[PDB]
Amino acid sequence: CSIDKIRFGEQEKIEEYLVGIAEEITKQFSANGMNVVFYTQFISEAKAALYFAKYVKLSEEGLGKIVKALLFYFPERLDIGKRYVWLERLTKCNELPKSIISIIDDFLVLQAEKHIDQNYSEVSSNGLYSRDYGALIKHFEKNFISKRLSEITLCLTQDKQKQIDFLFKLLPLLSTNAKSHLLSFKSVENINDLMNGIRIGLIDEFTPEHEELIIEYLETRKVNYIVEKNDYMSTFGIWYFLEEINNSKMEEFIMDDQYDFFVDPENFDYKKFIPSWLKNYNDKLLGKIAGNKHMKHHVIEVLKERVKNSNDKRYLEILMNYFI
Amino acid sequence: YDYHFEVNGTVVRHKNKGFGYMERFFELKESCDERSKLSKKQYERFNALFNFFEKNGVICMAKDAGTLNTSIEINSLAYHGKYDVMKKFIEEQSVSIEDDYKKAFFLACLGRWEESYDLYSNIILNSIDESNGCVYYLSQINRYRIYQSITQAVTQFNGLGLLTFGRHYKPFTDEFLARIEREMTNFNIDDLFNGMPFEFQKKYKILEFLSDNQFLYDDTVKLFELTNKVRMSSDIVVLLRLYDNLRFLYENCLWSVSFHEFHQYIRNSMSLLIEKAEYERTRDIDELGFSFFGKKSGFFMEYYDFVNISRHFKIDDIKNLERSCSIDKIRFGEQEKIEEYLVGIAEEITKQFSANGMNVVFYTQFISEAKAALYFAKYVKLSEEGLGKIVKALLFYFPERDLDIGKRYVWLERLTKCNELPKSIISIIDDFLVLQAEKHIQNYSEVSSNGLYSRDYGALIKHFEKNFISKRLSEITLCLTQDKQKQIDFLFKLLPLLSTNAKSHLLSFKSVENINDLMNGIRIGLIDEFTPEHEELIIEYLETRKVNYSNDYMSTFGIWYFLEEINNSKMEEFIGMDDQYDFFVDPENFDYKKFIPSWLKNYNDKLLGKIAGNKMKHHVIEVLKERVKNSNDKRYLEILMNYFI
Amino acid sequence: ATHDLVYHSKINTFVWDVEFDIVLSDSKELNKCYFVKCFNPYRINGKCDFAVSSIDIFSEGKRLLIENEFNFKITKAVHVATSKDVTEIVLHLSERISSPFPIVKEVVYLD
């Protein structure tokens, strides 16, 4: 269905209920007392309420309390990615005011402080990490610089690699002096640094050395996994299809079903195409796919079958907006 | 509660705090030397226990589970519906009281409720001692249930019946009804179990539920596990429990198998199972691959599933199941047994109609099962002989009051999808058409519900055989004269089947003069060819409307012109009055601001395809796109996806 | 009286259990008759392609043979439930829709 178009009534009572839920969550996980039996029943209801709260309009103080409870006192066993998904859902109807941005900055500062011991690594099931949080802030305020994080940036040496990587992931939130100091310790070597740079915006245009990095990574993957008898390959195929890269060598690396489907569309076996991929593409990529001629008359058939059989409303919207 | 007996034949320990006797029994069963450390009496008792446990399908413990595959097998003649066999068995003299019990159940299943009640009373009188109290208890229960069913039949046969069924049709006499009411003046079944001897209450505790009004709430509530959307399974558990309930109710000859509660339970269980299977298939296709799973649903359908669906489902329920749980991707299992079951159904229908010994009580039960089975037989591949017998029974001997001509045509068309028409079936349909033609010779007219008549049979024959000629119909129309108008009309409806000489002789009895004659003739008869003079008649009508410048006439000729059934330039002289005519005549210059999308809901497959093939295509696509975006209409989306994409 | 009104959007019709006192064109008068529409998109046809719904007219419970269908004199509408006059609602609903027959009694889906 499309629930967001259903009128919601009695917003203040729902806000009071959610505030009570947040206060109970804070009580049960702050004062060193967690009722082990009651937790099993209560956590499911709390998670469902916080998930469903995206359609309700909330005031400033209630939203602040809910965000604080969700970010800080919610048990980890909700990972970071699920927490980000919940927060993004919350922000849709109740566009981020300044206080919630301050709370998010506090959470990011706490996470950065946690990144000292060289055994602490974020474990996100979906794949969304703390870095995305920063992007969310930059999605609502372009001129925001975290004053507290700059202090951590300045007092950093080359010894602690984890802090360097973590602050590199959140580069745009830092000030000019902070960026200048941080760039003196890190380069664009290898693959993860290149991906973080292109995502953040350091590398506006790809350079040949990054092409060599990509080529050698593909060679290693070929000789290590398939020859010897994952999202990186899909991202590289996406980059090539968007004409961002200008090399024909990668065409010889045909394996990843998505890789085959992208670099070699004419000879790709469309029987291996799955429709779920179509839910992970943005507007420009979908338009470019619609512009192609070797891909239209099979994607359109897959979409027709999905509309006829499935109960999902995204496929029909995709078909009507772009391919027709 | 010392053990849990799972539906797959395994036993686990639940609350046994003492000695594990069942484990020791299984150990004795597996070994042979350990079996022999018992006395003769204990040895024969162990043999009897082993036979009973093997008969009831208890295999081993959970730890020692090996190659666990379960298949059901019901050994009752009443379930398979071998009516003649039970009729013969009733006649033979009984030996014991169990044979009398079985005869009473068979009589009840055959609609002879008075005889069954009398036999149950006789069994009650004879069997009161001393260890067979189970027979006495079951006889009491069955007698009460038959009394209830007789009262309800009386209730829905004094009213909502009589001539509306065909005749007053008093099922039973009034003396029998008075005696029935007197004998059960204040009978109470709730205290029936508590009045039995205490040894019966201690031993046969498990039968107590038979004395309750409802006994299937546990399974109906448990059916909720098939609606979970969270990614042995519940499907197997539910199916095996259903088979267990059916086998227990049918093998012990209990009359509760004919009440509404049991039918509703069966319907809910089967519908939910098929819904879950289809949803799982869709999810797997969505995530895993387009065809990696194979697109074949995992719900294998066997003989018993077909029998249950035929017996316990109405037509509307089967229609809902087809709509929501697409069946063409569900493959059926054993086909020979299903074909034999359908052949038996057809033979029973033939016997019931021909012998004129219609049993009004048995008719209501049997006809629904027959209709459901013949409706559901579309997905089963049938051999030539079985198909011929089924078609004969359906077309000729099926009562008219329950299947009019249109529904019969619908059933027949369904039966031809997976089998196609061989020569014998065409001969049978030709014989049926000849019989109908003879019947039309009068104060007679066909009555149909869906609006389909005898013309459609000839249309289907021509669809499957372009070069078929009905010799008997040709002989019938060769002797025809001008006195009997309805026969000429009927033969007109079957015009293409007749021979050329018969056609020429038939044309003499009707000719067209005015535009009404032309439209009527093409409407019901066949004037497929558009002669120039008929065209001139249409031109005269159009000129009359032009100078004169409200139902539909002009759009028909516009569509005919667009389909190239008429070829002339005069049509361009009649542009301006009816917008649909202008759209169908002049598409390039048509003002699409006057176009309304509802027109697209009145065209068939061929016209829509021809429109899609004409370039007009882009404006129609834009209109359909806007209509789909504004209001989520399924018909518009279906048309746009099927024809314009 | 409006509670039992149903709208069928697959053929753009209305299901309402009413009786029509239609007056056929050229002074022919008909008593309380009604209509029945059937929806069949798979019927085998020849040159009469312009159809997915077949409309039958039932008068006094018997099918009326059609010779020239031009009745446009409306009808004194009678709700057979308790004999209500609903003619104005009928005439409004008819002008609101471009379909030939806007109101029927029963629709049969042969899909």
# chains A, B, ... in the order shown; residues from 1 in each chain; ligands from 1
>>> residues_around(residues="residue 586 in chain B", least_positions_apart="4", cutoff="8 Å", atoms="only C-alpha atoms", output="list in words")
residues 572, 582 and 590 of chain B
>>> write_last_selection(atoms="C-alpha atoms", output="CSV table (one decimal), in the first residue's frame")
chain,number,residue,atom,x,y,z
B,572,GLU,CA,-15.2,10.9,-45.4
B,582,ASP,CA,-14.5,10.7,-36.9
B,590,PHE,CA,-9.0,13.8,-35.2
>>> residues_around(residues="range 54-57 of chain A", least_positions_apart="4", cutoff="7 Å", atoms="only C-alpha atoms", output="JSON, numbers by chain")
{"A": [4, 11, 89, 90, 92, 93, 94]}
>>> interface_residues(of="chain C", to="chain B", cutoff="8 Å", atoms="only C-alpha atoms", output="VMD selection string")
chain C and resid 10 to 12 38 41 to 42 44 to 54 56 67 to 72 98 100 108 110
>>> write_last_selection(atoms="C-alpha atoms", output="mmCIF file, in the first residue's frame")
data_model
loop_
_atom_site.group_PDB
_atom_site.id
_atom_site.type_symbol
_atom_site.label_atom_id
_atom_site.label_comp_id
_atom_site.auth_asym_id
_atom_site.auth_seq_id
_atom_site.Cartn_x
_atom_site.Cartn_y
_atom_site.Cartn_z
ATOM 1 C CA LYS C 10 -14.388 -3.187 -15.483
ATOM 2 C CA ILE C 11 -17.209 -2.391 -17.933
ATOM 3 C CA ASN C 12 -18.251 1.011 -16.539
ATOM 4 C CA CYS C 38 -22.224 -10.241 -19.645
ATOM 5 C CA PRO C 41 -13.239 -11.100 -23.732
ATOM 6 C CA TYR C 42 -12.433 -14.554 -25.193
ATOM 7 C CA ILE C 44 -14.892 -16.658 -30.774
ATOM 8 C CA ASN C 45 -16.181 -14.096 -33.260
ATOM 9 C CA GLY C 46 -16.161 -13.159 -36.930
ATOM 10 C CA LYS C 47 -16.778 -9.604 -38.142
ATOM 11 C CA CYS C 48 -18.581 -8.468 -34.955
ATOM 12 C CA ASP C 49 -15.292 -7.536 -33.312
ATOM 13 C CA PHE C 50 -16.576 -4.374 -31.633
ATOM 14 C CA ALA C 51 -17.782 -6.131 -28.493
ATOM 15 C CA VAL C 52 -16.640 -7.418 -25.129
ATOM 16 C CA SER C 53 -19.995 -7.146 -23.322
ATOM 17 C CA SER C 54 -23.250 -8.672 -24.550
ATOM 18 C CA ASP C 56 -29.758 -8.882 -23.109
ATOM 19 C CA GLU C 67 -35.433 -5.758 -34.087
ATOM 20 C CA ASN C 68 -34.519 -2.053 -33.880
ATOM 21 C CA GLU C 69 -33.041 -0.890 -30.565
ATOM 22 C CA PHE C 70 -33.694 2.855 -30.415
ATOM 23 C CA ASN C 71 -35.584 3.261 -27.120
ATOM 24 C CA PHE C 72 -34.679 6.658 -25.658
ATOM 25 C CA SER C 98 -21.152 7.736 -21.893
ATOM 26 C CA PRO C 100 -24.853 2.754 -23.850
ATOM 27 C CA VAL C 108 -21.734 -12.043 -15.271
ATOM 28 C CA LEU C 110 -16.901 -14.870 -17.975
#
>>> interface_residues(of="chain B", to="chain A", cutoff="7 Å", atoms="only C-alpha atoms", output="PyMOL selection string")
chain B and resi 282+286-287+289-290+641
>>> residues_around(residues="residue 547 in chain B", least_positions_apart="6", cutoff="12 Å", atoms="only C-alpha atoms", output="count of residues only")
5
>>> select_by_dssp(residues="chain C", states="strand (DSSP E)", output="MDAnalysis selection string")
chainID C and resid 6:8 13:15 23:24 28:29 33:39 53:59 62:63 78:79 84:85 103:104 106:109
>>> residues_around(residues="residue 2 in chain C", least_positions_apart="5", cutoff="12 Å", atoms="only C-alpha atoms", output="PyMOL selection string")
chain C and resi 7+14-18+79+81+84-86+89-90
>>> write_last_selection(atoms="C-alpha atoms", output="tab-separated table (two decimals), in the first residue's frame")
chain	number	residue	atom	x	y	z
C	7	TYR	CA	-20.37	0.26	-9.40
C	14	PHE	CA	-23.95	0.17	-12.32
C	15	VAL	CA	-25.62	-2.80	-10.64
C	16	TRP	CA	-28.96	-1.77	-9.12
C	17	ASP	CA	-32.01	-3.98	-8.65
C	18	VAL	CA	-34.65	-1.80	-10.32
C	79	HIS	CA	-37.26	-0.08	-6.91
C	81	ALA	CA	-37.73	-3.75	-2.92
C	84	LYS	CA	-39.81	3.45	-4.73
C	85	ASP	CA	-39.57	6.02	-7.51
C	86	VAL	CA	-35.90	6.52	-8.41
C	89	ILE	CA	-31.37	9.29	-9.89
C	90	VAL	CA	-31.46	6.98	-12.95
>>> residues_around(residues="residue 153 in chain A", least_positions_apart="4", cutoff="12 Å", atoms="only C-alpha atoms", output="count of residues only")
31
>>> residues_around(residues="range 431-439 of chain B", least_positions_apart="4", cutoff="12 Å", atoms="only C-alpha atoms", output="ChimeraX atom specification")
/B:391-397,405,408-409,424-427,443-446,453-459,461,470-477,480,486-494,497-498
>>> residues_around(residues="residue 17 in chain A", least_positions_apart="4", cutoff="12 Å", atoms="only C-alpha atoms", output="PDB file with N, CA, C and O atoms, in the first residue's frame")
ATOM      1  N   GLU A  10      -5.314  12.750  15.803  1.00  0.00           N
ATOM      2  CA  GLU A  10      -4.902  12.749  17.206  1.00  0.00           C
ATOM      3  C   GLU A  10      -3.384  12.603  17.329  1.00  0.00           C
ATOM      4  O   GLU A  10      -2.863  11.652  17.912  1.00  0.00           O
ATOM      5  N   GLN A  11      -2.678  13.580  16.757  1.00  0.00           N
ATOM      6  CA  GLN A  11      -1.220  13.529  16.743  1.00  0.00           C
ATOM      7  C   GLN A  11      -0.627  13.693  18.137  1.00  0.00           C
ATOM      8  O   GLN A  11       0.409  13.093  18.439  1.00  0.00           O
ATOM      9  N   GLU A  12      -1.255  14.503  18.993  1.00  0.00           N
ATOM     10  CA  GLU A  12      -0.662  14.787  20.297  1.00  0.00           C
ATOM     11  C   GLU A  12      -0.664  13.554  21.195  1.00  0.00           C
ATOM     12  O   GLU A  12       0.287  13.334  21.953  1.00  0.00           O
ATOM     13  N   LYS A  13      -1.710  12.728  21.118  1.00  0.00           N
ATOM     14  CA  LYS A  13      -1.732  11.508  21.921  1.00  0.00           C
ATOM     15  C   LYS A  13      -0.660  10.530  21.463  1.00  0.00           C
ATOM     16  O   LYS A  13       0.001   9.889  22.290  1.00  0.00           O
ATOM     17  N   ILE A  21       7.338   5.958  25.576  1.00  0.00           N
ATOM     18  CA  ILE A  21       8.170   4.834  25.151  1.00  0.00           C
ATOM     19  C   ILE A  21       9.646   5.198  25.249  1.00  0.00           C
ATOM     20  O   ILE A  21      10.467   4.410  25.740  1.00  0.00           O
ATOM     21  N   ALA A  22      10.008   6.396  24.785  1.00  0.00           N
ATOM     22  CA  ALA A  22      11.401   6.827  24.842  1.00  0.00           C
ATOM     23  C   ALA A  22      11.885   6.952  26.282  1.00  0.00           C
ATOM     24  O   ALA A  22      13.018   6.570  26.599  1.00  0.00           O
ATOM     25  N   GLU A  23      11.044   7.493  27.164  1.00  0.00           N
ATOM     26  CA  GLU A  23      11.433   7.626  28.564  1.00  0.00           C
ATOM     27  C   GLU A  23      11.623   6.263  29.216  1.00  0.00           C
ATOM     28  O   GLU A  23      12.552   6.071  30.009  1.00  0.00           O
ATOM     29  N   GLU A  24      10.753   5.301  28.896  1.00  0.00           N
ATOM     30  CA  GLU A  24      10.925   3.958  29.440  1.00  0.00           C
ATOM     31  C   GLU A  24      12.200   3.307  28.915  1.00  0.00           C
ATOM     32  O   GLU A  24      12.905   2.619  29.663  1.00  0.00           O
ATOM     33  N   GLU A  45       7.984  -4.006  20.846  1.00  0.00           N
ATOM     34  CA  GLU A  45       7.032  -2.906  20.760  1.00  0.00           C
ATOM     35  C   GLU A  45       7.745  -1.576  20.560  1.00  0.00           C
ATOM     36  O   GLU A  45       7.298  -0.739  19.768  1.00  0.00           O
ATOM     37  N   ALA A  46       8.858  -1.364  21.267  1.00  0.00           N
ATOM     38  CA  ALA A  46       9.594  -0.114  21.112  1.00  0.00           C
ATOM     39  C   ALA A  46      10.121   0.040  19.691  1.00  0.00           C
ATOM     40  O   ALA A  46      10.008   1.115  19.084  1.00  0.00           O
ATOM     41  N   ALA A  49       7.217   0.779  17.281  1.00  0.00           N
ATOM     42  CA  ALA A  49       6.736   2.151  17.419  1.00  0.00           C
ATOM     43  C   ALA A  49       7.695   3.135  16.767  1.00  0.00           C
ATOM     44  O   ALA A  49       7.274   4.036  16.030  1.00  0.00           O
ATOM     45  N   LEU A  50       8.994   2.983  17.030  1.00  0.00           N
ATOM     46  CA  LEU A  50       9.960   3.912  16.456  1.00  0.00           C
ATOM     47  C   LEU A  50      10.049   3.767  14.943  1.00  0.00           C
ATOM     48  O   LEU A  50      10.345   4.742  14.246  1.00  0.00           O
ATOM     49  N   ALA A  53       6.765   5.457  13.517  1.00  0.00           N
ATOM     50  CA  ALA A  53       6.622   6.886  13.787  1.00  0.00           C
ATOM     51  C   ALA A  53       7.009   7.778  12.618  1.00  0.00           C
ATOM     52  O   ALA A  53       7.003   8.997  12.817  1.00  0.00           O
ATOM     53  N   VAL A  56       3.970  10.226  11.423  1.00  0.00           N
ATOM     54  CA  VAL A  56       3.331  11.104  12.396  1.00  0.00           C
ATOM     55  C   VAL A  56       4.127  12.396  12.509  1.00  0.00           C
ATOM     56  O   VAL A  56       5.364  12.383  12.487  1.00  0.00           O
ATOM     57  N   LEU A  58       5.567  15.409  14.634  1.00  0.00           N
ATOM     58  CA  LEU A  58       6.017  15.542  16.011  1.00  0.00           C
ATOM     59  C   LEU A  58       6.504  16.959  16.279  1.00  0.00           C
ATOM     60  O   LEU A  58       6.919  17.675  15.363  1.00  0.00           O
ATOM     61  N   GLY A  62       9.487  16.546  21.739  1.00  0.00           N
ATOM     62  CA  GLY A  62       9.235  15.122  21.599  1.00  0.00           C
ATOM     63  C   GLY A  62      10.185  14.466  20.617  1.00  0.00           C
ATOM     64  O   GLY A  62      10.718  13.384  20.880  1.00  0.00           O
ATOM     65  N   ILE A  66      12.917  11.565  21.524  1.00  0.00           N
ATOM     66  CA  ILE A  66      12.882  10.297  20.800  1.00  0.00           C
ATOM     67  C   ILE A  66      14.220  10.030  20.126  1.00  0.00           C
ATOM     68  O   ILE A  66      14.744   8.910  20.178  1.00  0.00           O
TER      69      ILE A  66
END
>>> atom_distance(atom1="CA of residue 30 in chain A", atom2="CA of residue 73 in chain A")
6.8 Å
>>> select_by_dssp(residues="chain C", states="alpha helix (DSSP H)", output="list in words")
residues 87, 88, 89, 90, 91, 92, 93, 94, 95 and 96 of chain C
>>> write_last_selection(atoms="N, CA and C atoms", output="PDB file, in the first residue's frame")
ATOM      1  N   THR C  87     -36.515   7.512 -10.545  1.00  0.00           N
ATOM      2  CA  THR C  87     -36.303   7.874 -11.945  1.00  0.00           C
ATOM      3  C   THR C  87     -35.257   8.976 -12.087  1.00  0.00           C
ATOM      4  N   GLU C  88     -35.314   9.987 -11.220  1.00  0.00           N
ATOM      5  CA  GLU C  88     -34.389  11.110 -11.331  1.00  0.00           C
ATOM      6  C   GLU C  88     -32.947  10.676 -11.096  1.00  0.00           C
ATOM      7  N   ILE C  89     -32.719   9.810 -10.107  1.00  0.00           N
ATOM      8  CA  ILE C  89     -31.374   9.288  -9.893  1.00  0.00           C
ATOM      9  C   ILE C  89     -30.906   8.542 -11.133  1.00  0.00           C
ATOM     10  N   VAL C  90     -31.819   7.778 -11.736  1.00  0.00           N
ATOM     11  CA  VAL C  90     -31.459   6.982 -12.947  1.00  0.00           C
ATOM     12  C   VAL C  90     -31.085   7.950 -14.082  1.00  0.00           C
ATOM     13  N   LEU C  91     -31.926   8.954 -14.344  1.00  0.00           N
ATOM     14  CA  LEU C  91     -31.659   9.869 -15.489  1.00  0.00           C
ATOM     15  C   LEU C  91     -30.326  10.605 -15.252  1.00  0.00           C
ATOM     16  N   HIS C  92     -30.027  10.972 -14.002  1.00  0.00           N
ATOM     17  CA  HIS C  92     -28.749  11.663 -13.679  1.00  0.00           C
ATOM     18  C   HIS C  92     -27.574  10.720 -13.948  1.00  0.00           C
ATOM     19  N   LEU C  93     -27.620   9.520 -13.370  1.00  0.00           N
ATOM     20  CA  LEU C  93     -26.546   8.551 -13.557  1.00  0.00           C
ATOM     21  C   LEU C  93     -26.338   8.240 -15.033  1.00  0.00           C
ATOM     22  N   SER C  94     -27.413   8.256 -15.823  1.00  0.00           N
ATOM     23  CA  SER C  94     -27.268   7.976 -17.246  1.00  0.00           C
ATOM     24  C   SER C  94     -26.560   9.114 -17.971  1.00  0.00           C
ATOM     25  N   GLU C  95     -26.913  10.371 -17.670  1.00  0.00           N
ATOM     26  CA  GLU C  95     -26.214  11.465 -18.344  1.00  0.00           C
ATOM     27  C   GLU C  95     -24.762  11.549 -17.895  1.00  0.00           C
ATOM     28  N   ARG C  96     -24.464  11.102 -16.672  1.00  0.00           N
ATOM     29  CA  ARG C  96     -23.094  11.183 -16.176  1.00  0.00           C
ATOM     30  C   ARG C  96     -22.137  10.242 -16.903  1.00  0.00           C
TER      31      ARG C  96
END
>>> atom_distance(atom1="CA of residue 223 in chain B", atom2="CA of residue 249 in chain B")
19.4 Å
>>> closest_residue(among="C:3, C:43, C:37, C:28", to="residue 73 in chain C", atoms="only C-alpha atoms")
C:28
